[PDB]
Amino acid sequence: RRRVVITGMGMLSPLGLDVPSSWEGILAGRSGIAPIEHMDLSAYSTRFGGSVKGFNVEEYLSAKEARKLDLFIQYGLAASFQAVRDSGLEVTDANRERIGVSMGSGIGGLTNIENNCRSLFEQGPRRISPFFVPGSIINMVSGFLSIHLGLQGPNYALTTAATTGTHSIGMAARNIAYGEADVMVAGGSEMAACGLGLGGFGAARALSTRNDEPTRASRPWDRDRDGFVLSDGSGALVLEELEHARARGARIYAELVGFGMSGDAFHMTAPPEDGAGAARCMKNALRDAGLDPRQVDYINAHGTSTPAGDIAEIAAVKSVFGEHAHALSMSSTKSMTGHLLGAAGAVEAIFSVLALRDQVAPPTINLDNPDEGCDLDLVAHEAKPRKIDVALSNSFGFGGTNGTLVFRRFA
């Protein structure tokens, strides 16, 4: 089985329009959460979220091309273009069949759907945009990236709710490991802040309603948590076979050593109280990496700020790591970014890789009063410089679909 390394990273998040600006916010404990400006939400129970501020699509695409694409596609292409530039890779006739794309989304083009739905109900079907389908379907980040850069390798898209970015990266790594590609651009994107998004998650009572203090709403493992915060953006990584990277003198950030999956097979939105599914998934990833639990230094948690979810993840980490659960550091960067849904696993993979580069555990902000049994090192309030050789990233999605990635300092 071939080794897979990370040679390029790209991002849009509520904290920044690139990786270095986002990471500066993470290490400073900055919130990207604010009242939403782009629609009137006076009728909604949640009126805040994590928006991308000041995005200029014309840095990436012509105004002509951009007009045809939903925001989630613009965001996915921005992160992908950043990652490919960051990698330094040159695409040629000799390698274009060996370079593929796996960029996913949880909910896809809900804004475009809403806008075309308005035209349809008011004025009938002949008002629908000709670009409605190709500019809204989830696989068009992978499609449009492949067309723009001439990538002819495996071309697909995952949609697994909060697990999307984690599955996208893990399965792209499998393509490289088993020899069906040498390079993959993998990750996810999301822009679900429309009436149907805030209204839909609101109707399921999944969202924090702390409208008076939006920056305090996302509070993983805190006793006063009341649901997740909806956020927008994108993450992309260039995954590359090790000898391919070495041959061209690529800068290597870290090694992707492990990928695990499981299903809870329990409930449509609630985890089992002991997080048994999450425990199996983390053990599967560590076994894939050939690592003992005692070798893990940092966990980037799922940690969405939900009553049932946050405590199930603690139970799963205690089950897998035993006494070592009190030696590792675990934090939820969703305390600062909110929940990017299909992009969460992509941006959190990048944060896990930068924790390895910079030897620092990002904080869990807003952890004022840890709940019953939440007695691990959850890196409350402030970043913690420490030794990190192995970093684990968890994603648990609606339906009980679980994914874990394991990254290692490269040697």
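What we label the rigid core is the largest C-alpha set whose atoms superpose within 1.5 Å from one form to the other. All residue numbers are counted from 1 along the displayed sequence.
- Core-fitted comparison in 4 other deposited structures of this protein shows that, between 120-128 and 311-319, the CA atoms farther from the shown form belong to 120-128.
- The PDB entry records a higher mean C-alpha B factor for 58-66 than for its counterpart among 58-66 and 30-38.
- Looking at 329-337 and 125-133 together, the entry lists the larger mean B-factor for 125-133, computed on C-alpha atoms.
- Reading the B-factor column for the CA atoms of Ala161, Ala270, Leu230, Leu158 in the entry, the top value corresponds to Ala270.
- Across the options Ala217, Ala285, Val91, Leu239, the residue with the most elevated CA B-factor in the record is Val91.
- For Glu348, the recorded CA B-factor ranks within the lowest third of the chain. Only modelled residues enter the ranking.
- In the PDB entry, a CA B factor belonging to the lowest third of its chain's modelled residues is recorded for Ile169.
- Ranked within its chain, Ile6 lands in the middle third, by CA B factor from the PDB record.
- When the modelled residues of the chain are ordered by C-alpha B-factor, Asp212 sits in the highest third.
- In the deposited entry, the Cα temperature factor of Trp221 places it in the lowest third of its chain's modelled residues.
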